[PDB]
Amino acid sequence: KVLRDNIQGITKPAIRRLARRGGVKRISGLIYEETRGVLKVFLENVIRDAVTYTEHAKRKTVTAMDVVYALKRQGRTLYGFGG
Amino acid sequence: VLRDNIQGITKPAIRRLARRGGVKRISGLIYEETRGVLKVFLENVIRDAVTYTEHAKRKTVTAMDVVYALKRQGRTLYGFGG
Amino acid sequence: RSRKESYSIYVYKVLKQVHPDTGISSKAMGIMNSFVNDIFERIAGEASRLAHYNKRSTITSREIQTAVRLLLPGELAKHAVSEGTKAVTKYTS
Amino acid sequence: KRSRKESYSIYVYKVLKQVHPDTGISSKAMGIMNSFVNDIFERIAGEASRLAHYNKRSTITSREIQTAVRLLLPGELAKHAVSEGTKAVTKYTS
Amino acid sequence: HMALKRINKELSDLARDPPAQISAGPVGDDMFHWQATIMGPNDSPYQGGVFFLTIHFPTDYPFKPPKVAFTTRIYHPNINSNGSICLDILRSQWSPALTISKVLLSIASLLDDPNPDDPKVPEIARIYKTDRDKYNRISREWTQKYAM
Amino acid sequence: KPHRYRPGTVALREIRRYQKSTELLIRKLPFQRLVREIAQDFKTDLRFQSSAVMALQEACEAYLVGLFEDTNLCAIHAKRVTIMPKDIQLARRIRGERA
Amino acid sequence: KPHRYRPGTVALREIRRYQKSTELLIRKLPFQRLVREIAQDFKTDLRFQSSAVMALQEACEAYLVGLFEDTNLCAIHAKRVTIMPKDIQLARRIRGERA
Amino acid sequence: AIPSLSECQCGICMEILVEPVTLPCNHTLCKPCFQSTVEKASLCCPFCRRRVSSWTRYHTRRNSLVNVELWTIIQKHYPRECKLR
Amino acid sequence: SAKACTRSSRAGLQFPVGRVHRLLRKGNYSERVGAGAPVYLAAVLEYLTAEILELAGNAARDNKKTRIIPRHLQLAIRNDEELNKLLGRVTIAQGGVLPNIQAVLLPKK
Amino acid sequence: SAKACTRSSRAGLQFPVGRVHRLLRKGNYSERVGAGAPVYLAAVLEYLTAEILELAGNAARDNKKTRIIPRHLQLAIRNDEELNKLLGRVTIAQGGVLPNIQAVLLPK
DNA sequence: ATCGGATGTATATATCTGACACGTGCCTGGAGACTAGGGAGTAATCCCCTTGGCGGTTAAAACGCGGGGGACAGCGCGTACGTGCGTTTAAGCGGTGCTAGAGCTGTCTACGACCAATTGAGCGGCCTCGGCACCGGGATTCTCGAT
DNA sequence: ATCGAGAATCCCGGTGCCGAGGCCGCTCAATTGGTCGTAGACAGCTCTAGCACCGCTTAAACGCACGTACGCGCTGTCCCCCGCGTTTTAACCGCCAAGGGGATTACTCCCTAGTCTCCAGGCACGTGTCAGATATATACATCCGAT
Ligand SMILES: [Zn+2]
Ligand SMILES: [Zn+2]
């Protein structure tokens with residue numbers, strides 16, 4: 001049950017909406033691939049630590065507290081999901 | 001009482017710092033901005049250093065206080081103990 | 001089962017002192033609990049480091065005062081120090 | 001005589017003479033190495049205690065230190081440091 | 001396979017070039033258990049002293065060092081009552097390229113000059129280091145008890 | 001004859017619309033699939049609490065919004081209004097994310 | 001008749017000279033006076049170890065060198081060679097120091 | 001010009017070279033031996049005893065451990081011996 | 001004080017003092033813990049909570065609402081100066097962003 | 001490993017195991033400390049120290065010197081990717097900066 | 001400078017639903033009284049190193065000048081991006097079913113803390129010689145105006 | 001495309017000095033032996049929620065066409081940093097002199113940890129009702145072409 005090339009699920013309209021919230025009025029056509037690459041890098045960095053945290057506790061389910069701990073470790077505290 | 005000592009950071013000194021930073025051409029309005037940012041940084045570090053000194057009931061600002069203040073701000077310094 | 005604790009009731013009491021007619025949802029309550037826990041960790045860790053530096057083995061009220069001075073910005077730190085000193089003075093007598 | 005102060009000077013010098021038999025080290029470089037060792041010790045041993053408070057344990061074992069090494073060191077340093085630590089532990093036990 | 005192929009040519013190399021004052025061979029059915037004999041070096045208080053030793057080869061070779069032990073008795077800062085050798089080549093700095101001849105010769109080299117820095121037994125090291133001239137009599141004595 | 005707006009006004013309208021709301025601008029199933037793909041690239045046969053995926057989505061969207069603010073500032077600094085990949089690269093380098 | 005170097009070829013020489021050395025580029029007495037002035041602004045009747053002043057000088061010079069590197073990149077982004085206060089402002093904003 | 005089989009032996013294996021790795025000290029050894037010595041023994045070359053940890057870290061990420069030139073030369077000359085393994 | 005009431009009421013606080021004392025004792029911070037640290041810490045925490053709740057209530061009132069949601073907390077934190085610096089790296093779930101548009105982008109007169 | 005030898009030489013290390021055990025047992029980290037943790041932590045510290053010292057010695061030799069100075073330490077650290085990432089928020093006193101000139105500034 | 005559509009956003013009213021605020025049982029954690037001991041407060045002495053001053057010498061800073069190169073404004077081209085519409089896709093919702101794994105309870109056994117005796121690893125102080133700094137002279141190499 | 005003159009940098013050889021490497025004495029902290037209370041490892045059972053599938057709307061995504069306005073290159077001007085020479089200022093070095101306060105030691109007392117008993121505060125669970133979201137219909141602000 002392997003999943004392949006799902007990064008295309010972050011479509012161009014979604015990136016445009018994120019830019020609109022960020023305050024961008026006009027967007028170049030090469031922004032979308034760069035945004036996909038940056039998002040993939042960030043997700044890999046967070047999920048590696050989340051999986052390490054869930055592996056230390058001898059579990060098979062990645063809880064929300066593992067994600068919160070990883071985000072706090074990387075320097076991006078998140079309020080709302082525990083802690 | 002000391003006053004107006006920010007001018008000891010001369011234009012040649014700022015030029016030397018810029019040259020070490022890799023700068024080739026420098027506009028004439030950059031020195032006052034550099035003085036301002038340096039003053040802000042110094043105030044921020046020295047406030048924490050003096051707080052650390054006062055908590056220890058001392059009257060001298062040792063190098064340990066400076067190292068701890070720098071580490072607290074995310075600017076760890078290697079060389080002066082710690 | 002098991003019991004899990006939180007600062008929810010005290011946050012609600014403070015809110016009722018401040019705004020007697022407003023309420024608070026559940027997500028906001030969770031955010032407030034996270035904030036209180038985070039500030040607790042910050043101040044306690046700073047106090048621990050302060051006590052370790054001076055070769056002490058105790059966390060007294062002046063440790064917490066210095067930690068509050070180091071963490072919080074100017075006016076926030078001033079008001080927090082005033083409130084903590086007032087609470088301690090009312091407690092000791 | 002002044003009060004005794006502790007440092008990693010002799011151990012760092014032994015390591016240096018192991019890797020570079022004909023190379024010496026100055027005093028400021030030694031003071032930088034001592035600070036580096038202290039900083040990494042604090043980092044690992046402090047992030048390996050949150051790892052035990054998270055799981056409601058009370059003992060720090062070689063399983064918390066291994067995971068702290070995994071989390072704190074970068075991609076290729078954390079594969080060699082873990083191997084060296086496991087080798088040292090295995091040599092110590094038997 | 002790999003390990004046995006290594007040991008066969010190690011034995012062949014030892015046989016075609018017999019090391020001076022050291023001999024070795026297989027005593028058991030397999031090549032994992034070996035015996036060896038070492039003669040005392042000329043510039044040592046071990047004149048005319050024969051020492052027998054037995055060695056076991058671990059299952060993974062040469063990536064793990066072999067195990068050596070002394071069946072006979074000898075007094076040494078690096079050798080205990082059981083006869084185990086305390087040599088950095090044997091335990092810590094072992095390189096897989098090292099052959100049995102090199103380690104068996106390093107054993108005799110250590111016999112020539114004991115290493116007192118990292119002794120297996122401390123009091124024997126103290127007795128050896130405090131003065132060699134006083135102990136040299138006991139060194140020959142220990143040779144007559146077992147070596148001679 | 002048909003009515004149409006000059007290029008730029010609808011963009012400002014979208015800016016005002018999306019800065020006043022607080023929902024999530026990425027569809028949830030594709031993001032969940034991407035998270036699961038990366039995780040199974042790390043460790044096989046993993047399970048995810050829904051709160052974990054929700055937290056990951058919140059964090060990623062906040063990060064992208066901040067990065068786009070910095071990118072917009074970088075683009076404006078060069079006397080432009082469009083944001084280009086060099087703006088993203090410069091913002092990331094100055095932030096220390098790639099150096 | 002007298003020999004002159006074209007404008008720009010003595011600046012690169014200084015760049016290569018000062019990037020090859022490790023000494024401190026600010027005079028010590030003026031910096032010490034400034035440090036003492038700020039400290040006596042904070043708490044009166046203060047004394048300083050010489051190591052503390054040296055550490056402050058090292059930290060300040062490292063910070064300024066890094067800031068000037070970022071400023072140079074910002075200036076180069078806008079297709080310039082000269083650095084201007086807006087470059088410093090943008091670099092500090094993106095680093096989050098002034099926001 | 002063409003190297004012989006004498007210089008095409010693994011010091012630890014005493015067999016034919018497979019997936020050769022050439023350390024900065026110009027000590028060539030087969031890949032499984034390098035992996036085993038790195039994992040278990042010293043993180044150093046078995047022959048002249050110099051540290052190659054940084055080189056290994058640099059070349060493992062970029063997949064450049066194997067010596068391409070020597071392997072290309074060897075693989076064409078002795079297909080049968082490589083097949084026997 | 002009277003030495004008869006509860007510790008929280010003896011110091012005039014609403015946040016707990018026994019729970020804070022236990023958390024400071026069992027947190028692996030120091031070997032010993034004084035008897036005035038929990039009161040000081042509880043006072044500081046209560047002051048900060050009261051400040052943020054006051055600002056969030058004001059933000060909710062400006063929106064014709066009688067319930068604080070994460071949006072009002074985000075507005076209260078970001079629109080301040082000391083609270084924004086204290087919580088610079090903190091992400092509030094379902095908080096949104098402060099509305100602003102750069103002056104260059106707005107249409108020319 | 002056999003007993004009757006010092007703890008650091010039983011595990012094949014050079015850094016002290018008793019001192020690391022005491023520091024772990026006195027620094028307010030956890031209520032109890034396992035037996036194998038000091039060995040692991042000392043091994044990691046010694047590995048990192050040797051890793052940096054090798055590159056520092058190489059940089060010192062490239063300058064025809066026989067003594068490591070902070071300049072060689074920073075030349076070693078900042079030219080290695082993992083070491084630079086590990087120490088990226090750390091200032092080394094009397095170390096300077098790497099030679100790096102933007103290609104735009106060079107004469108045409 | 002408006003004037004008219006035309007479109008989008010704002011404003012007022014019915015309604016209904018699910019989450020928030022409150023009430024109840026209880027049990028586990030916090031409060032109260034008592035004892036023992038070591039941590040920290042206070043006083044006294046030592047001597048280190050911080051502050052202050054003077055004279056010289058000279059490296060670094062300050063000031064002025066001539067000019068070339070870079071910053072900035074203005075024009076023109078065309079090409080990529082914004083807006084709008086019709087069509088295809090799969091997200092979202094509701095509902096059901098199954099079981100894997102998180103979570104809790106009971107035993108008990110081995111690992112880690114604590115205590116006493118002891119001695120060698122490591123720290124402080126001294127000493128000496130070689131590695132590196134410095135001076136002076138020559139060779140090598142960019143740099144620029146002129147062809 | 002180049003040749004040559006003036007200037008900056010690198011090599012090489014000789015002299016000197018101070019700090020890094022090693023030795024000696026000593027004291028305190030790590031080691032070894034022994035005992036004990038409990039932390040967690042293992043086995044068993046519960047049951048919650050994570051995973052998978054199905055069908056129906058319909059909302060968001062996609063693809064295409066037209067036009068426009070913004071990015072990008074080119075030219076011109078001017079003025080402002082840069083390189084260089086001359087003069088002035090004060091930094092740096094060596095030296096002496098005084099005393100504040102950092103650091104250590106000894107004594108003591110009182111604040112905090114640990115133990116036992118008890119009881120009420122807050123946590124889990126259940127319930128009712130009203131605050132806000134949704135649908136519907138007007139009212140007004142704003143944008144664009146055209147005078
Ligand atoms: Zn091999
Ligand atoms: Zn080699």
# chains A, B, ... in the order shown; residues from 1 in each chain; ligands from 1
$ residues_around --residues "region 56-68 of chain A" --least-positions-apart "6" --cutoff "6 Å" --atoms "only C-alpha atoms (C1' of nucleotides)" --output "NGL selection string"
(:A and (50)) or (:F and (46-49 or 51-52))
$ write_last_selection --atoms "N, CA, C and O atoms" --output "PDB file, in the first residue's frame"
ATOM      1  N   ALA A  50       9.163  13.435  15.069  1.00  0.00           N
ATOM      2  CA  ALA A  50       7.934  12.846  15.602  1.00  0.00           C
ATOM      3  C   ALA A  50       8.023  11.323  15.643  1.00  0.00           C
ATOM      4  O   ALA A  50       7.638  10.691  16.636  1.00  0.00           O
TER       5      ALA A  50
ATOM      6  N   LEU F  46       2.924   2.622  10.146  1.00  0.00           N
ATOM      7  CA  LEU F  46       2.668   3.610  11.182  1.00  0.00           C
ATOM      8  C   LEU F  46       1.192   3.986  11.195  1.00  0.00           C
ATOM      9  O   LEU F  46       0.510   3.936  10.169  1.00  0.00           O
ATOM     10  N   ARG F  47       0.707   4.362  12.374  1.00  0.00           N
ATOM     11  CA  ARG F  47      -0.648   4.857  12.548  1.00  0.00           C
ATOM     12  C   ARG F  47      -0.594   6.286  13.067  1.00  0.00           C
ATOM     13  O   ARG F  47       0.334   6.666  13.786  1.00  0.00           O
ATOM     14  N   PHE F  48      -1.592   7.080  12.691  1.00  0.00           N
ATOM     15  CA  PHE F  48      -1.614   8.506  12.992  1.00  0.00           C
ATOM     16  C   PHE F  48      -2.914   8.861  13.692  1.00  0.00           C
ATOM     17  O   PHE F  48      -3.998   8.609  13.155  1.00  0.00           O
ATOM     18  N   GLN F  49      -2.810   9.450  14.877  1.00  0.00           N
ATOM     19  CA  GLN F  49      -3.963  10.095  15.480  1.00  0.00           C
ATOM     20  C   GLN F  49      -4.378  11.294  14.636  1.00  0.00           C
ATOM     21  O   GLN F  49      -3.543  11.979  14.043  1.00  0.00           O
ATOM     22  N   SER F  51      -5.459  14.114  15.615  1.00  0.00           N
ATOM     23  CA  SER F  51      -4.886  15.332  16.171  1.00  0.00           C
ATOM     24  C   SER F  51      -3.462  15.557  15.682  1.00  0.00           C
ATOM     25  O   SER F  51      -3.043  16.704  15.509  1.00  0.00           O
ATOM     26  N   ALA F  52      -2.706  14.482  15.447  1.00  0.00           N
ATOM     27  CA  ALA F  52      -1.348  14.633  14.934  1.00  0.00           C
ATOM     28  C   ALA F  52      -1.350  15.254  13.543  1.00  0.00           C
ATOM     29  O   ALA F  52      -0.592  16.190  13.263  1.00  0.00           O
TER      30      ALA F  52
END
$ select_by_dssp --residues "chain C" --states "helix (DSSP H, G or I)" --output "ChimeraX atom specification"
/C:8-18,26-53,61-71,74-92
$ residues_around --residues "residue 85 (chain E)" --least-positions-apart "3" --cutoff "8 Å" --atoms "only C-alpha atoms (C1' of nucleotides)" --output "list in words"
residues 68, 69, 70, 78, 79, 80 and 90 of chain E
$ atom_distance --atom1 "CA of residue 38 (chain E)" --atom2 "CA of residue 106 (chain E)"
11.4 Å
$ atom_distance --atom1 "CA of residue 41 (chain G)" --atom2 "CA of residue 29 (chain G)"
18.3 Å
$ interface_residues --of "chain D" --to "chain E" --cutoff "12 Å" --atoms "only C-alpha atoms" --output "list in words"
residues 18, 87, 88, 91, 92 and 94 of chain D
$ write_last_selection --atoms "N, CA, C and O atoms" --output "PDB file, in the first residue's frame"
ATOM      1  N   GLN D  18      46.506  10.883  20.207  1.00  0.00           N
ATOM      2  CA  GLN D  18      46.104   9.664  19.512  1.00  0.00           C
ATOM      3  C   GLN D  18      45.873   9.918  18.027  1.00  0.00           C
ATOM      4  O   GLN D  18      46.277   9.108  17.186  1.00  0.00           O
ATOM      5  N   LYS D  87      29.297   0.425  20.856  1.00  0.00           N
ATOM      6  CA  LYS D  87      30.524  -0.354  20.951  1.00  0.00           C
ATOM      7  C   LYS D  87      31.162  -0.207  22.324  1.00  0.00           C
ATOM      8  O   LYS D  87      31.613  -1.195  22.916  1.00  0.00           O
ATOM      9  N   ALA D  88      31.201   1.018  22.854  1.00  0.00           N
ATOM     10  CA  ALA D  88      31.789   1.233  24.171  1.00  0.00           C
ATOM     11  C   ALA D  88      30.992   0.525  25.258  1.00  0.00           C
ATOM     12  O   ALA D  88      31.573  -0.082  26.163  1.00  0.00           O
ATOM     13  N   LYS D  91      31.663  -3.220  25.012  1.00  0.00           N
ATOM     14  CA  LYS D  91      32.993  -3.526  25.526  1.00  0.00           C
ATOM     15  C   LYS D  91      33.032  -3.425  27.044  1.00  0.00           C
ATOM     16  O   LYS D  91      33.731  -4.197  27.708  1.00  0.00           O
ATOM     17  N   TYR D  92      32.295  -2.469  27.612  1.00  0.00           N
ATOM     18  CA  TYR D  92      32.268  -2.309  29.062  1.00  0.00           C
ATOM     19  C   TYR D  92      31.612  -3.501  29.745  1.00  0.00           C
ATOM     20  O   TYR D  92      32.133  -4.013  30.741  1.00  0.00           O
ATOM     21  N   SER D  94      31.020  -6.756  28.745  1.00  0.00           N
ATOM     22  CA  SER D  94      31.720  -8.035  28.626  1.00  0.00           C
ATOM     23  C   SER D  94      33.231  -7.815  28.663  1.00  0.00           C
ATOM     24  O   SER D  94      33.945  -7.988  27.675  1.00  0.00           O
TER      25      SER D  94
END
$ residues_near_ligand --ligand "ligand 1" --cutoff "6 Å" --atoms "only C-alpha atoms (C1' of nucleotides) and all ligand atoms" --output "list in words"
residues 10, 12, 13, 29, 30 and 33 of chain H
$ residues_near_ligand --ligand "ligand 2" --cutoff "7 Å" --atoms "only C-alpha atoms (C1' of nucleotides) and all ligand atoms" --output "list in words"
residues 23, 25, 26, 27, 45, 46, 47, 48, 49 and 50 of chain H
$ interface_residues --of "chain I" --to "chain G" --cutoff "12 Å" --atoms "only C-alpha atoms" --output "PyMOL selection string"
chain I and resi 81+84-85+88-89
$ closest_residue --among "D:14, D:5, D:57, D:43" --to "chain L" --atoms "only C-alpha atoms (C1' of nucleotides)"
D:57
$ interface_residues --of "chain C" --to "chain L" --cutoff "8 Å" --atoms "only C-alpha atoms (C1' of nucleotides)" --output "ChimeraX atom specification"
/C:3-5
$ closest_residue --among "J:33, J:97, J:17, J:77" --to "chain B" --atoms "only C-alpha atoms"
J:97
